[PDB]
């Protein structure tokens, strides 16, 4: 194994619009979220990161933050709410907000770069932008990669054209991280090495 064992305990929050989209059916929403996690875990195997769903929070009554069109703004409000509320419910390492919001600039996901484990910045926002579970899961994985210090793949650094950190998603998206991404992760483990991901559940 190229990388030492790490663990990411995920919290996934499903907003009220997504709850309504899936017929206000908790069981169906939980199943879809589990399938996404199974895909994220598979994609992280070559990085030797074990992915678990520490917490699922479905906003069945109302949104607890102002989910809005600007994804970065929504991410900041989500990070504040995660630090103030979600982390007090159950400890976890990274949280993603899943929403059906038509984010501005044709955006399907956004996250802070290199802030895994930070109470306010270990978050991502992701649009449930396809009926295909894998297309949404690879978006969650791309944002997780950013939070692990990865930038987009660059042809001068590596040759992969459809890897997870490609600059744009496509219908031929692969489930592999490029050499650019693996090198970014090594840099992250070397320079940052956050403690929360050294902890097994």
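By Swiss-Prot numbering, chain A shows 192-392, in order.
Per the header: X-ray crystallography, 1.4 Å.
Keep in mind that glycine also has a Cβ here, set from the backbone N, Cα and C atoms.
Residues or ranges marked as active site by Swiss-Prot: 334. Under the three-state DSSP scheme, residue 334 (active site) falls in the helix class.
Packing around residue 296 (L-amino acid tripeptide binding site) is summarised by its Cβ count: 9 other Cβ atoms lie within 10 angstroms of its Cβ, all protein chains included. Secondary structure from DSSP puts residue 296 (L-amino acid tripeptide binding site) in a helix. Taken from Swiss-Prot, the feature L-amino acid tripeptide binding site covers 296, 297, 298, 299, 357.
The Zn(2+) binding site annotation in Swiss-Prot covers 333, 337, 343 and rests on experimental evidence. Counting only residues at least six positions away in the same chain, the Cβ atoms of 302, 303, 304, 305, 315, 356 sit under 8 Å from the Cβ of residue 337 (Zn(2+) binding site).
Residues or ranges marked as disulfide bond in Swiss-Prot (evidence: experimental evidence): 308-387 (among others). In the three-state DSSP reading, residue 387 (disulfide bond) counts as helix. Of all the Cβ atoms in the protein chains shown, 18 others lie within 10 Å of the Cβ of residue 387 (disulfide bond).
The disulfide bond feature in Swiss-Prot is assigned to 349-371 (among others); the stated evidence is experimental evidence. In the three-state DSSP scheme, residue 371 (disulfide bond) falls into the helix class.
Swiss-Prot lists 351-354 (among others) with the feature disulfide bond, giving experimental evidence as the kind of evidence. Neighbour density for residue 354 (disulfide bond): within 10 A of its CB lie 23 other CB atoms from the protein chains shown. When secondary structure is read from DSSP and collapsed to three states, residue 354 (disulfide bond) falls in the coil class.
Of all the recorded positions given, namely 296, 297, 299, 308, 333, 334, none has its Cα within 10 Å of the Cα of residue 371 (disulfide bond). Taking the Cα atom of each, residue 354 (disulfide bond) and residue 333 (Zn(2+) binding site) are about 9 angstrom apart. Among the recorded positions 297, 298, 349, 351, the residue whose Cβ has the fewest other Cβ atoms within 10 Å is 297.
The local packing around residue 343 (Zn(2+) binding site), expressed as other Cβ atoms within 10 Å of its Cβ over all shown chains, amounts to 16.
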